[PDB]
Amino acid sequence: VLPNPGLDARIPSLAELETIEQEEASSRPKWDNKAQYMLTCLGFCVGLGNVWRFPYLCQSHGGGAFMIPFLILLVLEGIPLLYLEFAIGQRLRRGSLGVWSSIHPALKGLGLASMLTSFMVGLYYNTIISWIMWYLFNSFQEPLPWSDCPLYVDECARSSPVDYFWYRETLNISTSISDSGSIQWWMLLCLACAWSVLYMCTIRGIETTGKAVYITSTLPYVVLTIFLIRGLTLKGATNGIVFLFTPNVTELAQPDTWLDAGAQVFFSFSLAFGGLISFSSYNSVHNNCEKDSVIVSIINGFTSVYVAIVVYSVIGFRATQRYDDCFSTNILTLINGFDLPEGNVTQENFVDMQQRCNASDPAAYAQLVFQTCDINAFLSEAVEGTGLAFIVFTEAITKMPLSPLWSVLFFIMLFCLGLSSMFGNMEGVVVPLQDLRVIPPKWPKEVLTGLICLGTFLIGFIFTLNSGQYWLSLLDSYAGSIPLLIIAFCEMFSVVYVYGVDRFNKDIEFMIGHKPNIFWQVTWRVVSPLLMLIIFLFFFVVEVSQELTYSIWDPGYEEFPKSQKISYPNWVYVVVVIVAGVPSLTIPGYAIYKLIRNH
Amino acid sequence: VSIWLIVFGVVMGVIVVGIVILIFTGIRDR
Ligand SMILES: *[C@@H]1O[C@H](CO)[C@@H](O[C@@H]2O[C@H](CO)[C@@H](O)[C@H](O)[C@H]2NC(C)=O)[C@H](O)[C@H]1NC(C)=O
Ligand SMILES: *[C@@H]1O[C@H](CO)[C@@H](O)[C@H](O)[C@H]1NC(C)=O
């Protein structure tokens with residue numbers, strides 16, 4: 001619809017696509033099976049997000065009610081944009097920078113942003129995998145090292161050993177972002193191991209990953225299943241599940257609900273990164289990409305809830321343990337206070353016995369101190385993000401027979417999830433570079449892959465500093481925000497108003513021997529564009545409704561166990577502009593440069 | 001001996017062997 005001339009030349013012709021696949025047998029990679037493509041795309045969607053982000057939002061945002069919006073944006077935007085990404089990659093036979101540059105030269109900014117976004121997300125996801133494999137190496141000790149207090153550190157004596165193994169034994173965390181220190185050697189060692197394991201899998205390319213993706217996408221499901229049948233035998237598991245699916249219909253009427261539900265569909269589908277487009281561009285020209293986008297989204301909606309069932313089974317067991325232990329302490333207090341026979345006082349008659357004791361001896365009873373015991377309170381102690389893996393799941397595992405085994409299986413699963421996600425992000429950084437021909441066409445792709453691995457490894461030394469966890473919680477908070485949505489809005493816009501949906505549906509007709517149903521057309525025209533905008537308007541209604549305040553550990557001061565929280569320094573807005581404005585202003589920024597280089 | 005370190009060593013060994021053979025096949029393309 002927008003008048004771009006010469007566009008036809010930028011793209012290969014439909015008559016020429018029957019002959020291009022018998023000559024791109026050389027000089028372009030190819031999938032070995034269809035299973036190898038579907039498993040590499042499921043792996044990219046599935047990750048540590050749906051482990052410690054999706055389950056938390058599913059409960060915090062109206063529980064059962066939150067599912068309604070999630071599914072709404074999932075089918076209104078997730079599937080529609082996914083299809084558009086698979087189809088445009090299979091048609092134009094290039095990666096993300098290739099596709100947008102052809103649709104129109106000034107659209108080069110889209111690829112630049114997608115490449116900048118993939119570099120920043122993969123920079124911090126490989127520090128999280130660094131931490132996961134530090135906990136996997138420490139999983140070969142009958143009394144797991146987060147099981148007991150170091151003889152006892154007052155800091156560790158307060159809170160718990162688990163809270164001590166993470167902030168001190170593993171992080172050596174500071175009390176502020178203004179407090180950086182020395183590279184934690186063991187942390188650096190684990191960072192090396194993470195980038196090394198990634199290079200071996202992505203050194204050659206989709207070919208090498210093609211083998212790894214299978215296990216990195218299979219192992220997780222097998223282990224997740226083994227965990228469900230174990231989780232549902234641990235007492236209190238149902239309490240947690242019921243807790244996850246209690247519907248708060250009032251939370252539907254909130255602008256903060258639909259933004260997170262919106263941002264989750266976009267990160268959960270790996271959209272606006274570009275890796276997906278590159279993966280699709282290696283299929284046959286006559287591959288059904290309409291049936292592939294429906295199968296991958298169906299598995300992503302089922303996996304999302306299936307992992308939430310496994311997470312809240314452990315949250316329910318861990319809270320049922322806490323509650324019972326506190327109740328037992330309260331009972332022991334009474335028995336010790338009144339020398340009552342053991343077994344005389346029980347969880348059922350504790351209240352009446354408490355009254356009888358107080359009646360008999362009010363002074364003595366007055367001296368007695370009893371803790372508050374509410375299963376709901378323990379249930380509502382669930383942490384969002386790394387805390388759920390390193391602080392909640394690690395502590396529930398220590399209270400389980402065959403403890404080390406369960407810990408091991410739990411860390412290989414998270415490792416596999418993270419690593420499959422990394423394949424996608426690496427695809428998003430390497431392919432654009434070759435589009436820019438950065439690597440000498442002499443140096444093999446492995447050289448470029450290693451360069452990328454070693455360059456991102458050296459920048460990841462910021463997260464091995466004592467303040468490295470405060471940097472990662474900031475980057476993570478501003479790595480998948482508006483930029484991802486912004487890129488996603490312009491990919492949709494560029495396919496419909498610049499390249500024209502007419503060519504798209506026609507090209508769809510050419511590949512799947514049929515044109516898409518009214519659904520696709522309508523969503524790609526109003527449903528998606530309009531819905532994304534209201535998510536874009538919510539961001540400046542919620543991000544502005546918040547403040548730059550981050551939690552700190554601070555072994556001393558205030559209450560060590562209490563989550564002490566402080567504001568951010570004035571220079572952090574420079575970092576947020578860099579992690580937000582930079583990947584959102586190259587789309588106009590390159591489009592203003594190109595429109596004044598010609599004129 | 002900080003078992004974790006021993007686990008780190010063995011894991012690194014497997015990865016380095018894998019990347020070595022991978023780059024080997026990289027030059028082994030005739
Ligand atoms: C869902 O949760 C919200 C938040 O707790 C509830 O809103 C509360 O409603 C009561 C009764 O009107 C007020 O006293 C509270 O001050 C409200 N809290 C907030 C933060 O607004 C809401 O009623 C709940 N509803 C459902 C359907 O579960
Ligand atoms: C890091 O560990 C060293 C000891 O190895 C300690 O002196 C330092 O205070 C720690 N830094 C923080 C912020 O925990």
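A, B, ... follow the sequence lines: proteins, then strands. Residue 1 opens every chain. In what follows, every heavy atom counts, from backbone to side chain, and hydrogens, waters and symmetry copies are set aside. In listed order, ligands and their atoms are each counted from 1.
Between A:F70 and A:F66, the ring planes are parallel. Angles under 30° get that label, and only those over 60° would be called perpendicular. Between A:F165 and A:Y135, the two ring planes are perpendicular [angle over 60°; tilted spans 30° to 60°]. Ring geometry for A:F393 against A:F410 counts as parallel: the plane angle stays under 30°, on a 0 to 90° scale with 60° as the upper cut. Ring planes of A:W186 and A:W134: tilted class, angle from 30 to 60°.
Atom 7 (O) of ligand 2 lies below 4.0 Å from none of the non-hydrogen atoms of the protein.
Between A:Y470 and the choices A:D179, A:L465, A:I177, the side-chain contact (heavy atoms from CB on, under 4.5 Å) rule is met once, by A:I177.
No donor-acceptor contact under 3.5 angstrom links the side chains of A:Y557 and A:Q564, judged on distance only. There is no side-chain donor-acceptor pair under 3.5 Å between A:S477 and A:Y550.
Of the N or O atoms in A:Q184, none lie within a sub-3.5 Å distance of an N or O in ligand 2. Where the criterion is an N or O separation shorter than 3.5 Å, residue side chain and backbone included, A:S174 fails it with respect to ligand 2.
Around ligand 1, the residues contributing at least one heavy atom under 4.0 Å from the ligand are A:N248, A:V249, A:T250, A:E251.
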Stepwise side-chain hydrogen bond (donor to acceptor under 3.5 Å, both in side chains) check, A:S567 with A:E547 = CA-CA 8 Å; A:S567 65; A:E547 295 189 8; over 6 Å; no

task = Verify salt bridge (charged side-chain N to carboxylate O under 4.0 Å, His left out) between A:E384 and A:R53, making sure each step is shown before the conclusion.
result = CA-CA 6 Å; A:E384 70 292 354; A:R53 184 53 174 171; over 6 Å; no

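Residue contacts with ligand 2 for A:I173 involve N, CA, C or O but no side-chain atom from C-beta outward (heavy atoms, distance under 4.0 Å).
Closest protein heavy atom to atom 1 (C) of ligand 2: A:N172 ND2, 1.4 Å. Nearest to atom 14 (O) of ligand 2 among the protein's heavy atoms is A:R168 NH1, 2.6 Å.
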